[PDB]
């Protein structure tokens, strides 16, 4: 297989010196295998809030709607455990209506403050979506100011271009990351 090189390109929204400190985290957590039909991207967002505050929000695998747009509801089983392997049924706002993507929790590491999930079933064109989010505290002069890194890999549907698929997924993650800013600042 072929692998991503997100450590070679500073994403927008981070400085060269901030990024230099995070390259180790990108390699460890934001590297995916790449098939010929896949694309992957890494996004970043600075947040004026303690990383412990941010981690506590994004850790909530059962309540993504608190920090994501376009989710009407999210339910988990009555025996849900916050553990690798638990799943959720996400009801998406799209005008179809109440669509559903079942997602499985892949990583939950409270020591490094990293989580991630993969989409394992649903009615959509984002087949084999996999995402990782890591939380990073910086003593940042009035904050712990946190940079959140979020990357994904996904299949490019036949009849889609890689740029088109990537542009859509990038737009969603960027918009959700802006919402995370609003929620974290309190």
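Residue numbers count along the first chain shown, from 1.
As listed in the deposited structure, the average C-alpha B-factor of 98 to 106 and of 67 to 75 is greater for 98 to 106. Comparing 143 to 151 with 129 to 137, the higher mean C-alpha B-factor in the PDB entry belongs to 143 to 151.
If you compare the C-alpha temperature factors of 12, 165, 171, 178 in the entry, 12 comes out highest. In the deposited entry, the Cα temperature factor of residue 8 sits in the top third of values across the chain's modelled residues. The deposited CA B-factor of residue 86 belongs to the middle third of values across its chain. Among the modelled residues of its chain, residue 50 has a C-alpha B-factor that falls in the highest third according to the deposited record. Residue-level temperature factors show residue 119 in the lowest third of its chain, judged at the C-alpha atom. Ranked by Cα temperature factor within the chain, residue 160 sits in the lowest third according to the deposited record.
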